[PDB]
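Contents: one structure, followed by commentary.
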Amino acid sequence: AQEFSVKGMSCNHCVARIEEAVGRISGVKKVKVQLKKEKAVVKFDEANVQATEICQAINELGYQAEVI
């Protein structure tokens, strides 16, 4: 699975917002986030969506996301 680094976290429902915001990506099966890590794990497929696009879904929130 692909992962992305977050450099705009606040630690206030963000982790969730991101995780959920990601899981909202039509193509992701399951996604998680690890605080104090600055990285989010995604469990999707390129046959549905691309990680790169998933990163956008994150940036589309209000933080700094980048495909690791």
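As shown in the structure tokens, the chain order sets the letters A, B, ...; within each chain, residues go from 1, and ligands are also counted from 1 in the order they appear.
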Next item on the list: Pick out the residues sitting within 7 Å of stretch 39-52 of chain A, and hand them over as a ChimeraX atom specification; count only C-alpha atoms, and ignore anything fewer than 5 positions along from it in its own chain.
Entry: /A:1-6,27-34,67
Checklist line | Every residue of chain A that DSSP places in alpha helix (DSSP H), as a PyMOL selection string | finding: chain A and resi 14-23+51-59
Next item on the list: Find the spatial neighbours of stretch 55-58 of chain A, counting only C-alpha atoms, within a cut-off of 8 Å - ignore same-chain residues fewer than 2 positions away - and output them as a PyMOL selection string.
Entry: chain A and resi 4+18+21-22+25+51-53+60-67
Checklist line | Picked from chain A by DSSP as strand (DSSP E or B), as a list in words | finding: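 Selecting the strand (DSSP E or B) positions of chain A gives residues 3, 4, 5, 6, 28, 29, 30, 31, 32, 33, 34, 39, 40, 41, 42, 43, 44, 65, 66 and 67 of chain A.
Here atom CA of residue A:8 and atom CA of residue A:24 stand 19.5 Å from one another.
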Next item on the list: To one decimal in Å, tell me the separation between atom CA of residue A:10 and atom CA of residue A:26.
Entry: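 Spanning atom CA of residue A:10 to atom CA of residue A:26 is a straight-line distance of 25.4 Å.
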